[PDB]
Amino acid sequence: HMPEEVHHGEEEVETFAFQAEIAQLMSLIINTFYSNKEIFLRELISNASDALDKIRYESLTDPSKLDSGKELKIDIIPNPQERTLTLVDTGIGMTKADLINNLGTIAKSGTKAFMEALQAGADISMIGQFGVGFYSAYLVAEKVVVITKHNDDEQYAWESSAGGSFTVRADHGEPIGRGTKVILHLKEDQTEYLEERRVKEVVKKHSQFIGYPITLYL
């Protein structure tokens, strides 16, 4: 008795290409010698704050949207053994469609405009002004994993090593309830951001007036 599941039904792991504009920016960011790489943390905390604003805005008319979790917070978890730095927020999260669209497609206009601005003398720290600060994670990360849960969909995982493609798959792991977890697999030369002394310095310098609690976990 040796059965075989010739066809699993849905495709578990789906691979897609970035819009060319996004892929070219990711290549720029992952290989640049820009000396102020710490700004990645500002951009990711700002994205987390925006996501928390969103859920809060939504709950004003429908308090039940907080049934998946009442606390609105940001957590930063450096992990020296796995060389990961994780930023967790309990914000709005992303459905599967929005996950593919928001990280793989809709950033096209922002990444295009940002690269034109860079060509004309702008600098990388302005990335957030084009709505695409998420990709600054590749200043310090060789790989990024995003775990996300939106009230209207199941938990999903996104990942990319900036090779022009990304993958999406249902995540049946530890439920996060609601929100997004951005997991940075750090480059060898950027492990300074695994140290509590360094991470605090960056938060105090760049994110000292964010309207949500930021907790650091060692």
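Position 1 is the first residue in the sequence shown; the rest follow in order. Whichever C-alpha set is largest while still superposing within 1.5 Å between the two forms counts as the rigid core.
A.B. asks: Rigid core fitted first, then name the stretch among 103-111 and 124-132 whose C-alphas deviate most from the displayed form in 8 other deposited structures of this protein.
C.D. replies: Looking at 103-111 versus 124-132 in 8 other deposited structures of this protein, the farther one turns out to be 103-111.
A.B. asks: Name the stretch, 25-33 or 44-52, whose C-alpha atoms sit farther from the shown form on average in 8 other deposited structures of this protein, taking the rigid core as the superposition reference.
C.D. replies: Clearly, after the core fit, the stretch farther away in 8 other deposited structures of this protein is 25-33.
A.B. asks: Could you check the entry and say whether 54-62 or 183-191 has the higher mean CA B-factor?
C.D. replies: Here the higher of the two C-alpha B-factor means belongs to 54-62.
A.B. asks: When the C-alpha temperature factors are averaged for each of 66-74 and 27-35, which stretch ends up with the higher value in the entry?
C.D. replies: The recorded data point to 66-74.
A.B. asks: How does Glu11 rank on Cα B-factor within its chain, lowest, middle or highest third?
C.D. replies: Highest third, going by the recorded CA B-factors of the chain.
A.B. asks: Would the CA B-factor of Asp153 place it in the lowest, middle or highest third of its chain?
C.D. replies: Tercile = middle for this residue's CA B-factor.
A.B. asks: Please rank the C-alpha B-factors of the chain's modelled residues and tell me whether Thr105 sits in the lowest, middle or highest third.
C.D. replies: CA B-factor rank for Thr105: lowest third.
A.B. asks: How does the C-alpha B factor of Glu82 compare with the rest of the chain: lowest, middle or highest third?
C.D. replies: Tercile = highest for this residue's CA B-factor.
A.B. asks: Check where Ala97 lands among this chain's C-alpha B-factors and tell me if it's the lowest, middle or highest third.
C.D. replies: Its C-alpha B-factor, which the entry lists for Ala97, ranks in the middle third among residues of this chain.
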